[PDB]
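Q: okay, here's the opening piece of the assembly, coordinates as they are in the complex:
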Amino acid sequence: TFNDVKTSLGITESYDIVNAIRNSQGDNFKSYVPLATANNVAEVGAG
């Protein structure tokens, strides 16, 4: 029983992909903007 676990636990976020899609004015991440559930695949997608 560990009871205070966050999803990160080892992660040095190099650039925070959640804000990176949310700020895309037409750069590289503008292909990740018409995805619906991109926030959820980004949240737990690394296992």
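A: Structure's in. What do you need? Numbering: from 1, shown residues only, chains lettered A, B, ... in the order given.
Q: those helices in chain A, which residues are they?
A: For chain A, applying DSSP state H gives helices covering A:17-22, A:38-44.
Q: who wins for proximity to residue A:32 among these?
A: When those are compared for distance to residue A:32 using Cβ to Cβ, the nearest one is helix A:17-22, at 4.6 Å. (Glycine included, C-beta is placed from N, CA and C.)
Q: restrict the closest one to CA atoms and write it as PDB.
A: Written as PDB, here are the backbone C-alpha positions of helix A:17-22 (Å, rounded to 0.1, in the frame of the first residue of the first chain):
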ATOM      1  CA  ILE A  17       3.700  17.600 -24.300                       C
ATOM      2  CA  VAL A  18       0.300  18.600 -22.800                       C
ATOM      3  CA  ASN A  19       1.000  22.300 -23.000                       C
ATOM      4  CA  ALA A  20       2.900  21.700 -26.300                       C
ATOM      5  CA  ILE A  21      -0.200  20.600 -28.200                       C
ATOM      6  CA  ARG A  22      -2.300  23.200 -26.300                       C
END
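Q: contacts for it next, please.
A: Outside of helix A:17-22, the residues within contact range by Cβ atoms under 8 Å, 6 or more residues apart in numbering are A:29, A:32-33, A:38-39, A:42-43.
Q: what comes up buried for that helix?
A: Residues A:17, A:21 are the ones in helix A:17-22 that count as buried (16 or more other Cβ atoms under 10 Å).
Q: just send the helices of chain A back as a markdown table, with distance to residue A:11 too.
A: Converted to a markdown table, these look like this (distance: least, Cβ to Cβ, whole Å):
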| stretch | distance to residue A:11 |
| --- | --- |
| helix A:17-22 | 11 |
| helix A:38-44 | 12 |
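Q: out of the ones you listed, flag the one nearest residue A:7.
A: Of these, the one closest to residue A:7 (Cβ to Cβ) turns out to be helix A:38-44, at 6.4 Å.
Q: slot chain B in:
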Amino acid sequence: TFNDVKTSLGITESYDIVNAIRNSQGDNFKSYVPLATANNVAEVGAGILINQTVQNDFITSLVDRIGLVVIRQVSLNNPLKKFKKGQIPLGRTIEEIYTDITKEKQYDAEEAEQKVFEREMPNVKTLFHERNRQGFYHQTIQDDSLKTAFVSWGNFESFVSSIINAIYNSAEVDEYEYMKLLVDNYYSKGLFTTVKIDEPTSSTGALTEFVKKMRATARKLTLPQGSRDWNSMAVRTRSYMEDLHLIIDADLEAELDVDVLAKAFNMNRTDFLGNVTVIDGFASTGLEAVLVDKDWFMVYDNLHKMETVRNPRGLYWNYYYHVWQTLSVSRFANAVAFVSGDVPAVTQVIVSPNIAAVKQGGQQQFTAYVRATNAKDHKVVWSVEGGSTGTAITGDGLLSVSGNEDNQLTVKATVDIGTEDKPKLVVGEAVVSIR
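A: Below, chain B sits with the chains from the block before:
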């Protein structure tokens, strides 16, 4: 997906048994010291509200897994279901008819000359009942979303079936609560005949005093001459003994069998006459027991359909279960009320024609039946509202009608209970046609 939650969520602790075991040192918890794993049982053993992924003891990276899933299927029935009359396919209203006894006339061979051919109408009271309850039970099953909670199809089919039964359990429970409402509708309108008692819980004498009034009343319903005393339409009706139903709660049956029928040598002399129906309770203040005929209820079914629909977008079914029925009460049947509170001195005044058609210029006799709960005088005062010029009801209720009356009349009879400062009238009314 919660947080730091505890195994102590919904627990108002009494005394910390873990402390009380180890610091017994003489107390009666010293049967628990040789139990080795007692702290583990005394922490989880109540049941955990919120599941936590417990790590394995040997290899901590493994998660301890759900080994058996238990679905607790239960059934709720209706106690008062046996009082249900039948069902109605077509038509809304039910008409009851009761013919009543009539008036003696003196012999007179002098007046019988021209009056061979005079006519008397029979004293017939009727009564009507409409469909009342019109309702449905609705709950959704999102079939594809609950596949995550179930690793098996057995636990998937038993759980979805348990959502079906919670609709049919909502039938038998909510229908039970309307028949507790018809009792508390009838008592709230003053249509039960109130038999004022004391509370049976306080004295065993007040329990046996209560058994006296019920067995007194259950014989008065069953005399072969009837009475006008126990209807709210005041007709001569005899209840048969086997149709009397007593609707005590559960507390008074335990007082009965332990304070009285335990120690009585003869149970046939202190039981409850008629039939005993044990329920939750009564919403009214002090309405402790109720005795009725079996034909007091006019409960009839109308409609029982299960209707289904599917949302393709959100991937769910909605189950609609429509329960329509006529829920009503015969006022032509005997029904009493064993009320332990302070009751009013008069509950109900009944006028013996509720429906009269008086020819313009003709006369009609009107008749109070004051349901005094005490044994006092309770003067009845008569009046006619809506009358144009004269129309003059007087005395015992002999109605007059003028030659120029065309209006519909309301004939009132009233009784003044309590003090004149706060008058609090009790009024019975009649409806008079004019031709």
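Q: take the contacts of helix A:17-22 again, chain B included.
A: A:29, A:32-33, A:38-39, A:42-43 (Cβ atoms under 8 Å, 6 or more residues apart in numbering or on different chains).
Q: same thing but at 10 Å, please
A: The contact list for helix A:17-22 (Cβ atoms under 10 Å, 6 or more residues apart in numbering or on different chains) reads A:13, A:16, A:27-33, A:35, A:38-39, A:42-43, A:45.
Q: of these, which belong to strands?
A: Among those, no residue falls in strands (DSSP state E).
Q: close to chain B: what parts of chain A are there?
A: Proximity of chain A to chain B (Cβ under 10 Å from any Cβ of the partner chain) is limited to residues A:1-5.
Q: okay, now residue A:29: neighbour count?
A: By other Cβ atoms under 10 Å in any protein chain shown, the residues close to residue A:29 number 16.
Q: one step back: of the contacts of helix A:17-22, buried ones?
A: A:29, A:38, A:42 (16 or more other Cβ atoms under 10 Å in any protein chain shown).
Q: contacts only, for the first one.
A: The reference is to residue A:29. Per Cβ under 10 Å, 6+ apart, neighbours of residue A:29: A:17, A:19-23, A:38.
Q: at 8 Å instead, please
A: A:20-21.
Q: distance check, it against chain B.
A: Using Cβ to the nearest Cβ, to the nearest Å, one obtains 27 Å as the distance from residue A:29 to chain B.
Q: over to the last one?
A: In this view, residue A:42 and chain B are 16 Å apart by Cβ to the nearest Cβ.
Q: then residue A:35?
A: Distance of residue A:35 to chain B, given as Cβ to the nearest Cβ: 19 Å.
Q: OK, contacts around that residue?
A: By Cβ under 8 Å, 6+ apart, residue A:35 lies in contact with residue A:41.
Q: next, it: phi, psi?
A: The phi/psi pair for residue A:35 (degrees, to the nearest 10) reads phi -80, psi 140.
Q: let's put chain C on the structure above:
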Amino acid sequence: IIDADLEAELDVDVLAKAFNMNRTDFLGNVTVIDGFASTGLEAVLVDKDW
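A: Placing chain C onto the earlier chains gives this:
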């Protein structure tokens, strides 16, 4: 001629918790009515020729 108040009170208070029914029963043929329209009159003994 027993008013139904007194019949129930004979059964509850007296003929129950008693081992001998013939030793407390009301002497005579008991006929039960709903009560007399009078004041305080409860029961009535009469002969058959009354």
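Q: with chain C now part of the structure, what is the answer for the contacts of residue A:29?
A: Neighbours of residue A:29 in contact, by Cβ under 8 Å, 6+ apart: A:20-21.
Q: swap the cut-off to 10 Å and go again
A: Counting by Cβ under 10 Å, 6+ apart, residue A:29 touches A:17, A:19-23, A:38.
Q: same check on residue A:8?
A: Counting by Cβ under 10 Å, 6+ apart, residue A:8 makes contact with residue A:46.
Q: follow-up on the earlier one: now the two most distant members of the contacts of residue A:29.
A: Distance extremes for the contacts of residue A:29: the farthest pair is A:23 and A:38 at 13.3 Å, using Cβ to Cβ.
Q: circling back to that earlier point, what is the nearest of the contacts of residue A:29 to chain C?
A: Relative to chain C, the closest of the contacts of residue A:29 is residue A:38; by Cβ to the nearest Cβ it sits at 80.8 Å.
Q: how close does the nearest residue to the closest one once chain neighbours are set aside get to chain C?
A: Distances taken as Cβ to Cβ, 6 or more residues apart in numbering or on different chains put residue A:32 closest to residue A:38, at 5.6 Å, once the chain neighbours are dropped. For residue A:32, the distance to chain C (Cβ to the nearest Cβ) stands at 86 Å.
Q: ok, now which ones touch residue A:32?
A: Counting by Cβ under 10 Å, 6+ apart, residue A:32 has contacts A:17, A:20-22, A:24, A:38, A:41-42.
Q: residue in chain A nearest to chain C?
A: Nearest to chain C in chain A, going by Cβ to the nearest Cβ, is residue A:1, at a distance of 64.0 Å.
Q: what's that residue in contact with, if anything?
A: With contacts defined as Cβ under 10 Å, 6+ apart, residue A:1 is in contact with B:7, B:52-55.
Q: if we go to 8 Å?
A: Taking Cβ under 8 Å, 6+ apart as the test, what residue A:1 contacts is B:52, B:54-55.
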